[PDB]
Every structure is written in C-alpha cells, then in structure tokens.
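Visitor: If you read the sequence shown in the authors' numbering, its first letter stands for residue 30, the second for the next number, and so on.
Structure in structure tokens, see below.
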Amino acid sequence: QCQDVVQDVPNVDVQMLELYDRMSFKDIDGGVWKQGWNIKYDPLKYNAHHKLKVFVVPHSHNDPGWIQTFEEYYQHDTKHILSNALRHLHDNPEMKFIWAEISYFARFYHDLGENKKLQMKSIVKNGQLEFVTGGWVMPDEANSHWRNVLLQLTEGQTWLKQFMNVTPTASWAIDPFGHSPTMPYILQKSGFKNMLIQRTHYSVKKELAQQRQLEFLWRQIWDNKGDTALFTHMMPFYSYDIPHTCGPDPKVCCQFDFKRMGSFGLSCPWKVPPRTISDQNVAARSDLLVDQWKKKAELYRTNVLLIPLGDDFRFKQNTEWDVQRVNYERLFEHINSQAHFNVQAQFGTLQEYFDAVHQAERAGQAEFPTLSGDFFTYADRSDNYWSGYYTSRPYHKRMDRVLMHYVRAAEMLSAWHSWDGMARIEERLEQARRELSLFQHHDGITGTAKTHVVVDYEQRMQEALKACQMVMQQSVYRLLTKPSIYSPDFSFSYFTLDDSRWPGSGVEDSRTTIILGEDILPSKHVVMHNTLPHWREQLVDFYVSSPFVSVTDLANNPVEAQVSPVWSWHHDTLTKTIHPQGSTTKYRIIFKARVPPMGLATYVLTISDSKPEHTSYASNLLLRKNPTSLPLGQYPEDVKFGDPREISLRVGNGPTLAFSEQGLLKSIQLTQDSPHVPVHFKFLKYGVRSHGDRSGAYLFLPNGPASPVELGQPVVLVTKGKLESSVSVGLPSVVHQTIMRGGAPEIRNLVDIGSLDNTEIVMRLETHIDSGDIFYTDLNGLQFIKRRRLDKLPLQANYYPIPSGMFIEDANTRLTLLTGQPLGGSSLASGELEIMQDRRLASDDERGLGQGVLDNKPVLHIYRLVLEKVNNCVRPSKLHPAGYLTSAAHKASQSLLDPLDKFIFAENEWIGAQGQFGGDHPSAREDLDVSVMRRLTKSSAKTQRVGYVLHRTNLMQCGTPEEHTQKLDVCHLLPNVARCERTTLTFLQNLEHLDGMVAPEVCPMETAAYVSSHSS
Ligand SMILES: OC[C@@H]1[C@@H](O)[C@H](O)[C@@H](O)c2[nH]cc[n+]21
Ligand SMILES: [Zn+2]
C-alpha cells in the first residue's frame, strides 16, 4: 500500500549526494563558456528529415520588491511592461510572452478598464500570453516553509483560475538562489507536468551538461517507485539573461539582445554591440546565431531547443518590444527559409517547448534520466557560495514563521463558520495570505532587499498579523459563547493575543499585563487554541499584576501553576555589564493548558490575598561577582546571589542539564541512571576577508574558521521552579537562555549584534557523537536530507539552509536542533552542529543590492534541543539519501512552529462563556497534520466548501509501542456533508469523488487535499 520511505534506497541515474562525493569542483577556464568547454557539434546532425525546432520565449523577470518596493517597481516598471505587453501582443499575433509573478499581474489587472480586461483575457486564451507557475511570487526555495510555498502558489493560481480561467502546468524558476525538491513535490501534487530551474552550482551544470542530464525526472529522495517524479529542465549557463541564454558564448549572444545598442542605456560588456538585422547582414547574423543554438542543443537530448529571451524588468518600452520583435522576425524569416540550416525557429511559450519535448520523447527520440537530491548550496562563480542569505535579516526570517502560524490559525479558527460579509473575514484573510505570500519572494525572506524594502515587507507583515489577530479573536468569541447570547460587533476586540516569543522579551514590550485586584477585577478568562489535530498539553504563561494568582479550568478544577518574576536584560552602560532586572509591578504565571484537537480551552486566573494553594513560586539565583540587590515587589521568595559556578537542574522526570560557570550547557543526562553526555554550547564569530571577495547579504566568505566570542565573566540567572526552570546569561551580543519544562530543553537567544561590523555570530554545539562528515538538514520544513561535509569544498559551501532543523548521529546517539526560524548552518567537524544567529556586513557583495547589511535589529531566536538514544531505531541504510525525525523531535518542532495561541478576554465579564470547543474532534496519529483548513466559499453560497491539506510525515520507529488513535476524516469535521473530493493541493481541480464522503488519511511523506461540500 503505502511505499516504504525508509528501507528501500531508490535507484536513480543521478543522486545529488552521490554526485557530490565523486565530482571534482575544479574551477577551470572553459573558454568563451567560462565554466564549461568549447562545444562541438556535427553539422550533419540536423537535415531535411530532422530539423532543430527552436522556441524563443520572451520573458521579463519582475522582482516583487528588491532594490525598490513592490509598489515602486509596479509604478516605475511593471505597469508599463504589462500595459505594453497587452498592446504589442494584441497587435502582433505571432509574438509571445510568459509571465510568472501573479502579485504584479493582479495589481495590474484590477486597475484595468473592462475593455482592456477583455483584450487581456483574449491574448491569454489564444496562447500568446502564458502564465508560468502562476504563484503570487517566484519564491525562495531555501528558507521558505513548504506550507508558505503552497500558500503563495495557491494565492496566485486561485486568482488565475477566477480571472483568467487558466491553471499553469509548467513552472518557471529562473532566479531562486539554489533549488529544492520541495518544489517538484508541491507542483506535482498541484497538477504540474514540467518545471524549469536555473541557479545551480556551475560545477553541476558542467557535469550534467557533459552527460546530457540537464533534463531529468526529478523524484523525491525517498521515492522508490517514482510517482513523485516531475520533468525538470535545468538551464545550462551562468544567467537567465540574453547573453547567457542563446548559446555558450556570451560575446555572441549579447549581440542578439537588441536593447543593448545604446538608446536604452545598456551595452555589451564583451564590447561587440548588437547590430540591427537587415537584408545585407541577415545571412551573417543568422549563421552566428544558429551556431550558438546548435551548440546549446548539443547539451540536450531532443531536437527541440529552448531559448529564453529576457532579463530583469524587460519588455517595458514600446520601442523595446519593437526592437526585439522586428529583429528576431527578420532572423526567423531568413533562417527558416534557408534549408541548409535545418532549423525552424519561432517565438514560443514555455508550455509549447515542453509539449514539443514530450512529443519527441514519445516518438522514441529520447529517454530522460531520473534524479533525486537538491541543488544547494549554489555558487555562481569561483568560491562565491550563496550561503549568506540563509541568515541575512533574521528578524524577518523569524517573523515569517510567526505569520505562517497566525495565518493557519486564523484560517482554521474562522473556517468553522460562515461569516456575514460585514465581519470582513474574507478581506482580512486575503490581506494576510497575500502579505505572507509576497514575503516568500526570493528577495523577501532571503534578506537580500534594500533596507527600505525590508521595511515595506515588515510593515506589510505587521498588518497581516493584525488581520490574523482580528479574525482569530472574533472567531474565538463566536466559538465559545452560548449561541443565543452571542452578540458580536465585528469591529470590537473581544480578546487580544498574548505571544511570549514574538517579538519576544527585549525585542519589544508588546505584552499585556492582566491587571487584577480586589478593588478592580478579581479574575480573568484566558483561552488557548490548538491548531494541531491531536490533544495537546503545553505550558503557557501570562503576565499578571500580582504574584498571588491561581488558575482554574472551566469546571472550576484547580490547575497547578508556577509564578516567576518578569526578568529583562539590560546593557548597563554604567557598570559595563549585561544584567537582569526584575519587575516589581508584574509577574509571570505559568500553567499547563490542555486543549482539544483543532480546538479551544478556557481557563480562569483569579487573584487572592496571599499564596494560593495550587500556585508555587520559583527560586532565583543570580551568579556574578559584585552583586547588588534585586527586589521583586510582592514576589514571595527572595533572590539569592553567588559567585559564578557550575550548576545542574532537573525539571520533573525529564533530563538533568549541567551548565558551565558562564551559563552554557555542558552536558545532558537523560535519566537518573544514564551518563552525563557532553553537549557544549559555544558562541563564535566569523569575520570578512580584507583581501578578495567580501561577504554581503548573499555571499558567505569567511576569513577562516570562527573564533570564540570573548565572554569575560558574564552574569548568569538561574530560575528554578516545579514546572519550569531556566538558565539565562548575558553574553556579548546574545542573551542566551536554556529553558526546561520536563522534556527537551528550549533555547532562546535574544541576538543583538549591535555595531559589530563585518561579524557573523554563530552558535555551535560540540559533542562526542561520532558523526564523521555526515549531518542532516531539512528542506522547507518538509523532509530531512543527508549532507556530507566535503573538505574539497570551502567552509561556506558546507553551509546549508536550516529551515526547521538539523541533526547529527552515530550508531547510538542523535542530537537534533529544531528551529523556530530559518537560519544557515553546518556540521564543520565530527560531533558538531552550528547555526548562524545574525550577520552584519559593511560591504556589498557584487550581486546588485548595492549595500551591505547594517540594519540589524534585536531578534529572539527559538530552538528545541533533543538528545536521544537511537541504537534501537530503524533507520535508513547507509546509502539512503534521507533521514527522519523521532516522535520527540517532531513534536518539539511543532512546539516551535505551531504553539498554542493565547487569548486574553479584553473586558471585565464574558457573558455566555463556554469552557471548550472541539472536544469531539478526532485526535489523529501524531505524524498526521491538518496543514491547512480553509473555507473556500462566501456565506451566500448555497453549497459551502471547506478545503483541507493533510500532511503525514515519517517518524522513526524506535520501539515505543503504538497506541490506538482515532482516524481523522476531515470531510466529516463540519456537519451536513454532501460530497467529499480529493483535489490538487491548491483546491483548484477535483481528482476523486470519495466513497461515503470519507477522506482517507495519507501515507507517510505524502500530502493530499480534500474539499468537503455542505448544504447550507
Ligand atoms: O544577484 C541576484 C539579484 C537578485 O537578488 C534579484 O532577485 C534578481 O532579480 C537580480 N537581478 C540582478 C541581480 N539580482
Ligand atoms: Zn529575482
């Protein structure tokens, strides 16, 4: 039934880890094709009965923000490109154009008059204007979470289906900085049949070109049977621009970019300008161009050749449309009429190219190789590896993950009901999805935009968060209020969200204190939401104005709680120390919330005049020389002081953690009986080269291995409680915190790199795990891929994206670090893991940004650290390219990315309040998630429709006996189901009408989408 994703090593022609191990990577001068070789072809290959079919595909790369904001580019460039494309395509029926970025197309098309909308639909319908991919953006593939790649894809394709009546099945990704197999995974489950990529390491292009393996069936690394495969075309040369798309010699190809003759302020760096095609030169020019084409064709297996014709923000001026079109028309007329070339050349679209390739394949002209793996880390030349952007602008990388979860929660919470249009739910959700989708752009989450553009993205995401909160709190008020009492004002704020980790302590004082007092308000309701489809317990904390607070559930059952002080860290410019201060006006209360699957649970906080029975108080110990007092208002336990010393802590029956006198982990003991396993946290710094190429937002070019941060004698704060303990230390640039709640610790770093120029701060873990040169990192939060550190590559090439986690292991032991934000990282030596925290760079790195990275701001990075025994786990064989998390590590990742949401009732009395929502929801097996729940219909639809994306991961089997769990049938989550359909992941096509209206669960590592229809 399900394929085994662990025990069967797929047989593929190209496996990228294996290729990397055998490949040389030497950077030799290949001639005019600087990174290749002098291509030779047999003139007799093509003849009257076997012609080269050439598709020249005009395109325009439109960054939705980069050096200018989205709106700046729309006004200065893109609106003119699309307006002129409409006119020129309309007037020139054989001309063609492809378009990828639906954010801009939707921005344009809603400003069009109906006349022009009709003209636009007609050039789309007749095939002249073709959408490729059709996502909101062309997303980053390194840092983006798969859920947000799907979100943006769905945003763009839903728009296209509604307004243009088309759904692309060919993808175009010419600019992400390296490529991930998460894309063919999502695309193939979204109806796609073909995809194109460009930015892969120059050594890989050379190696695959030599074997004519640039077109391949790209399957997932665990996929033995190949049902995930998607036909992929990799472009062979250094750029998607015209000099690097006609053939191997850019000095020749630049002469066929007719925008470079001078009046457009562009030129050919190879010093030979384009010449206008005329009758007198067209034979000569045609000979030059066809020779480039036939050389490019030698790198591919069919007689169908793709020639992209475009560059950034091209096809803007009317004169530009004319100069490209007319000159190419003159070339085509001559070439196609001269039999000796045995070429038929024409403007085409991407789908036309792929259709002809597969016609050639079906006619037995070619068979394509199979490939698995990824295309990280990219280098475009020499040792210039693009691993910098795995970390650049980490504040916004973390914000991406926060907004990711708020969008899911807002869509899910509001999906349970139909809402009147006056509630503006659909409007607020559309804004939130679109701002998050825009940020998936390969200059958004990547941290490669200009400072003012990063500010625009942040402002947009802030508005999106506000939109999510609004939707979420209205939905909680409706879900938990007795129906005949529910009396909404859709503008009102019934609850506010409390988020302990965003923007996070010492990032902003954006947390509300619940103010209670005998003379004002005795108690407060709080509500937790659990977006995950299983019952979940999680400690939650709130700020309260008294330490004397007790917690009850909504059967008035006491709930055990712990109160701790509110500590904030300060750089004391007087004492020249980083040290904590305790609030004397507010306190933290912590308790375990238990919440139904996809549900809500209400608790009550009540003040009392003295210590409540079921509330305990943490002790606090400040370790530093020369201490001074730390009063804590009414907090009942006095702070203790001591000189720095090693300390050990244990919460519950969980691990025992030992810390150095500088407050950093040194060992973990899993059980009373077990060994203290060395696990040492260390902070180090990388610098920048004084000679040669400089690191910048894209590139990581360290001046050698990292050097330890000089820590001096830092102040360490130990808080010990029954429910939660922690060790926090004020290091230079980092307030580092280890938090213990009874299982794997949580690490929080408040990272403020300040004015440390040309510095990259890394967090490293040092262990005795005999990992050798192997480690594992995830791709887009979806899968873990085996990495091998290669000493034939420089340090920065051994850096990979860490979008959600990484691990190392040996036969017996594994250490897994889960992240709440994408960052760059590696294992640079056996037993080590490391992950970059922030980077501040004074210089530009020659990739077009025209600035360094000097706009850092404090960011709270969050992690879970899971040390496990794995000798009993059933793991893949040594040759398998994948790895898989354990249950504990997967749950720890979920605790970071989709924590409980916390709501505080905003007024004094909630009348009609209810205790729980969702208690009858099925509690699904732990490896299954409802990644998306989205109502797809507005309230006036007679047939309501709700879409669900179901993802099952694959967890390692390590001998924990399985317990029965309930089957989750998403189609019966809402009443009056009238139909259940399996759909593509965008919900845009029905694939199966399901028996009994039951949505089956999915196999490990698969993702499916279902839509339930309900009579209303
Ligand atoms: O070098 C990479 C940068 C990218 O950041 C932009 O997305 C891309 O469109 C572009 N054009 C020129 C230079 N660049
Ligand atoms: Zn771009």
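The beta carbon of each residue, even a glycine, is placed where N, CA and C say it ideally should be.
From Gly276 to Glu1030, what does the alpha carbon distance come to, in whole angstroms?
Guide: One-based indexing of the sequence shown puts residue 276 at position 247. One-based indexing of the sequence shown puts residue 1030 at position 1001. C-alpha separation (whole angstroms): 48 Å.
Visitor: Spatial neighbours of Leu857 within its chain, please: C-beta separation below 8 Å, excluding the five flanking residues on both sides.
Guide: Position 828 of the sequence shown, counted from the first residue, corresponds to residue 857. For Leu857, where only same-chain residues beyond five positions count, the Cβ hits under 8 Å are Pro734, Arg818, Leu824, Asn827, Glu863.
Visitor: Taking DSSP as the reference, what is the three-state secondary structure of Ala1028?
Guide: Reading the sequence shown from its first residue, position 999 is the one you call residue 1028. Reduced to three states, the DSSP call for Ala1028 is coil.
Visitor: Along the chain, which unbroken stretches of the beta strand (DSSP E) at least 3 residues long are found entirely within the segment 515 to 567?
Guide: 524 to 527, 552 to 559, all fully within the segment 515 to 567.
Visitor: DSSP has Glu1010 in a bridge; who is on the other side?
Guide: As a first step, residue 1010 is located in the sequence shown; it is residue number 981 there, counting from the start. In DSSP, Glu1010 forms a bridge with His1022, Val1040.
Visitor: For the alpha helix (DSSP H) that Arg354 lies in, which residues bound it at each end?
Guide: Here residue 354 refers to the residue found at position 325 of the sequence shown. First-last of the alpha helix (DSSP H) with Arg354: 347 to 366.
Visitor: Got a sec: does ligand 1 put a non-hydrogen atom nearer than 7 Å to the Cβ of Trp62?
Guide: Here residue 62 is taken as the residue at index 33 of the sequence shown, counted from 1. Because no heavy atom of ligand 1 lies under 7 Å away, the Cβ of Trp62 does not count as near it: no.
Visitor: What do you get for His720, buried or exposed, if any count of 16 or more other CB atoms within 10 angstroms of its CB means buried?
Guide: The residue you call residue 720 lines up with position 691 of the sequence shown. Exposed is the call here.
Visitor: Excluding the 5 residues flanking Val882 on each side, which residues of the same chain have their C-beta closer than 8 Å to its C-beta?
Guide: For the purposes of this step, residue 882 is identified with residue 853 of the sequence shown, where counting begins at 1. Taken in chain order, the residues that qualify are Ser421, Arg422, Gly476, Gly725, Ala726, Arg868, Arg869, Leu870.
Visitor: Please say whether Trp175 and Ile131 have beta carbons closer to each other than 8 Å?
Guide: By 1-based counting over the sequence shown, the position of residue 131 is 102. By 1-based counting over the sequence shown, the position of residue 175 is 146. Their beta carbons are not under 8 Å apart, which means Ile131 does not touch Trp175 by this criterion.
Visitor: For the beta strand (DSSP E) holding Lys80, just list the boundary residues, first then last.
Guide: Here residue 80 refers to the residue found at position 51 when the sequence shown is read from its first residue. Premise fails: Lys80 is in no beta strand (DSSP E) and is neither H nor E.
Visitor: In this structure, how does DSSP classify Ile271 when only helix, strand and coil are distinguished?
Guide: Against the sequence shown, residue 271 aligns to sequence position 242. In the structure shown, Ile271 sits in a helix (DSSP, three-state: H, G or I).
Visitor: Taking its Cβ as the centre, do 16 or more other Cβ atoms sit within 10 Å of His369, making it buried, or is it exposed?
Guide: As a first step, residue 369 is located in the sequence shown; it is residue number 340 there, counting from the start. When all chains shown are included, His369 counts as exposed.
Visitor: Taking 7 Å as the cut-off, is the C-beta of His90 nearer than that to any heavy atom in ligand 2?
Guide: Within the sequence shown, residue 90 is the residue found at index 61, counting from 1. Yes, the Cβ of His90 comes within 7 Å of a heavy atom of ligand 2.
Visitor: Can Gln663 and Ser757 be called in contact, C-beta distance under 8 Å?
Guide: For the purposes of this step, residue 663 is taken as residue 634 along the sequence shown, with counting starting at 1. For the purposes of this step, residue 757 is taken as residue 728 along the sequence shown, with counting starting at 1. No, they are not a contact pair.
Visitor: What whole-angstrom Cβ distance do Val500 and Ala444 have, given they're in contact under 8 Å?
Guide: By one-based count along the sequence shown, residue 500 stands at place 471. By one-based count along the sequence shown, residue 444 stands at place 415. Incorrect: roughly 10 Å between the Cβ atoms, too far for contact.
Visitor: Please indicate yes or no: does the CB of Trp95 lie closer than 7 Å to some heavy atom of ligand 1?
Guide: As a first step, residue 95 is located in the sequence shown; it is residue number 66 there, counting from the start. Yes.
Visitor: What are the boundary residues of the alpha helix (DSSP H) that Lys235 is part of?
Guide: For this step, residue 235 is matched to residue 206 along the sequence shown. 231 to 239 is the extent of the alpha helix (DSSP H) around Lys235.
Visitor: Below 8 Å between beta carbons: does that hold for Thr406 and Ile933?
Guide: As a position in the sequence shown, residue 406 is number 377, starting the count at 1. As a position in the sequence shown, residue 933 is number 904, starting the count at 1. Not in contact: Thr406 and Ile933 (Cβ atoms no closer than 8 Å).
Visitor: Pop quiz: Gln691 and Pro774 are said to be a contact at Cβ under 8 Å. What is the actual Cβ separation, rounded to whole angstroms?
Guide: The residue labelled residue 691 in the question sits at position 662 within the sequence shown. The residue labelled residue 774 in the question sits at position 745 within the sequence shown. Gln691 to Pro774, Cβ: 17 Å. No contact.
Visitor: What does the Cβ neighbour count give for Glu875, buried or exposed, with the cut at 16 atoms within 10 Å?
Guide: Along the sequence shown, read from residue 1 onward, the residue named residue 875 stands at position 846. Exposed.
Visitor: Which one or two residues does DSSP pair with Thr972 in a beta bridge?
Guide: Translated into the one-based positions of the sequence shown, residue 972 becomes position 943. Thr972 is bridged to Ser1044.
Visitor: Can you tell me the Cα-Cα spacing of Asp58 and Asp409, whole angstroms?
Guide: Here the question's residue 58 lines up with position 29 in the sequence shown. Here the question's residue 409 lines up with position 380 in the sequence shown. Cα to Cα, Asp58 sits roughly 14 Å from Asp409.
Visitor: What's the gap between the Cα of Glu396 and the Cα of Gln498?
Guide: Taking the sequence shown and counting its residues from 1, the one referred to as residue 396 is at position 367. Taking the sequence shown and counting its residues from 1, the one referred to as residue 498 is at position 469. Each residue's alpha carbon lies about 52 Å from the other.
Visitor: Given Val34, which residues of its chain have a CB within under 6 Å of its CB, disregarding the five upstream and five downstream residues?
Guide: Taking the sequence shown and counting its residues from 1, one reaches residue 34 at position 5. Within the same chain, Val34 has close Cβ partners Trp251, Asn983, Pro1033, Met1034.
Visitor: What does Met792 pair with, by DSSP beta-bridge criteria?
Guide: As a position in the sequence shown, residue 792 is number 763, starting the count at 1. Paired residues: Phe712, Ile864.
Visitor: Should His765 be counted as a contact of ligand 1 given a C-beta to heavy atom distance under 7 Å?
Guide: Position 736 of the sequence shown holds residue 765. Because no heavy atom of ligand 1 lies under 7 Å away, the Cβ of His765 does not count as near it: no.
Visitor: Could you work out which residue in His79, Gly417, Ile364, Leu147 is closest to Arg723 when comparing CA atoms only?
Guide: One-based indexing of the sequence shown puts residue 723 at position 694. Checking every option, the nearest Cα to that of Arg723 belongs to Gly417.
Visitor: Please confirm whether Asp930 and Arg437 have their CB atoms less than 8 Å apart.
Guide: Counted from its first residue, the sequence shown places residue 930 at position 901. Counted from its first residue, the sequence shown places residue 437 at position 408. No, Cβ-Cβ distance for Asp930 and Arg437 is not below 8 Å.
Visitor: What's the gap between the Cα of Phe468 and the Cα of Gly94?
Guide: Working through the sequence shown from its first residue, we reach residue 468 at position 439. Working through the sequence shown from its first residue, we reach residue 94 at position 65. Using only the alpha carbons, I get a separation of about 9 Å.
Visitor: DSSP state of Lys288, grouped into three classes?
Guide: Against the sequence shown, residue 288 aligns to sequence position 259. In the structure shown, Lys288 sits in a helix (DSSP, three-state: H, G or I).
Visitor: May I ask you to check if the CB of residue 4 is nearer than 7 Å to at least one heavy atom of ligand 1?
Guide: Absent from the model: residue 4. The displayed extent of the chain is 30 to 1045, so no value can be given.
Visitor: For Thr477, verify whether its CB is less than 7 Å away from any heavy atom of ligand 1.
Guide: Translated into positions along the sequence shown, residue 477 becomes position 448. For ligand 1, at least one heavy atom lies less than 7 Å from the Cβ of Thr477.
Visitor: Grab me the residues of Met428's own chain with a C-beta within less than 6 Å of its C-beta, minus the 5 sequence neighbours each way, in chain order.
Guide: As a position in the sequence shown, residue 428 is number 399, starting the count at 1. Correct list, in chain order: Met490.
Visitor: Apart from the five residues just before and just after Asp449, which ones in its own chain have a Cβ nearer than 7 Å to its Cβ?
Guide: The residue labelled residue 449 in the question sits at position 420 within the sequence shown. Contacts found: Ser968.
Visitor: State yes or no: is the C-beta of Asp867 nearer than 7 Å to some heavy atom of ligand 2?
Guide: As a working note, residue 867 is residue 838 in the sequence shown. No, the beta carbon of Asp867 sits no closer than 7 Å to any heavy atom of ligand 2.
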